[PDB]
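# Summary of the model geometry
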Amino acid sequence: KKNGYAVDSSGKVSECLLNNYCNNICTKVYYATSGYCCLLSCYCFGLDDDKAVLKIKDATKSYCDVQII
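Structure determination for this PDB entry is given in the record as solution NMR.

## Some details on unusual backbone geometry
For residues that are not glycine, phi is negative in most cases, and the peptide bond is trans in most cases. Even without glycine at this site, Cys16 takes up a positive phi of about 110°. When you line up the elements, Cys16 lands in the loop between β1 (3–5) and α1 (19–29). Its identity as a non-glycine residue notwithstanding, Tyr31 has a phi of 75°, on the positive side. Mapped onto the elements, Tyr31 comes out in the loop between α1 and β2 (34–38). Its relative accessible area of 44% is what places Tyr31 among the partly exposed residues.

## Examining the packing of aromatic side chains
Under the definition given, this model contains 4 aromatic pairs. Ring geometry for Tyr5 against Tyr43: centres 6.4 Å apart, planes inclined by 75°, an arrangement best described as edge-to-face. Placement of the pair is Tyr5 in strand β1 and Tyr43 in strand β3 (residues 41–45), with a sequence separation of 38 residues. Judged by its relative accessible area of 2%, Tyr5 is buried. Among the residues examined, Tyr43 registers a relative accessible area of 1% and is labelled buried. Of the aromatic side chains, those joined through ring pairs into one cluster are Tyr5, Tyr36, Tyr43 and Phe45. A cation over an aromatic ring shows up here: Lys51 above the ring of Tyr30, its NZ or CZ 5.1 Å from the ring centre.

## Let's talk about α1
Taken as a whole, α1 has its buried residues at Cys22, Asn23 and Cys26. Along the long axis of α1, the arc covered by the buried residues comes to 95°, so they all point the same way. Exposed residues pointing more than 90 degrees away from the buried face of α1 are listed as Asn20 and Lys28. Here the buried face of α1 lies against β2 and β3. Looking one or two residues past α1, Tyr31 carries a phi angle of roughly 75°, positive in sign.

About the cut-offs
- Residues numbered from 1 in each chain as written, not as in the entry; some residues may be left out.
- Heavy atoms only, no water.
- Helix = DSSP H or I, 4+ residues; strand = E, 2+ residues; numbered from the N terminus.
- Buried < 20%, exposed > 50% of the residue type's maximum accessible area, 1.4 Å probe, protein only.
- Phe/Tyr/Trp six-rings, centres within 6.5 Å; stacked < 30°, edge-to-face > 60°.
- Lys NZ or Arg CZ within 6 Å of the ring centre and 35° of its normal.
- Arc of directions from axis to C-beta.
- Contact = heavy atoms within 4.5 Å.

Pasting the structure below:
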């Protein structure tokens, strides 16, 4: 279980019309505990499987940490 940018099967992000949805999908498919619209992608926190999660920039990580962690 890690944290990462959740892309479904080929780098297409897990959408995110709204944070709760990102989170839900990510628990459902990746086995996150949560996730949301980080700066320009679905973050997830807990992705157990890792499809090919994207490479977060420090500033984006940092920005998108304190939020939940």
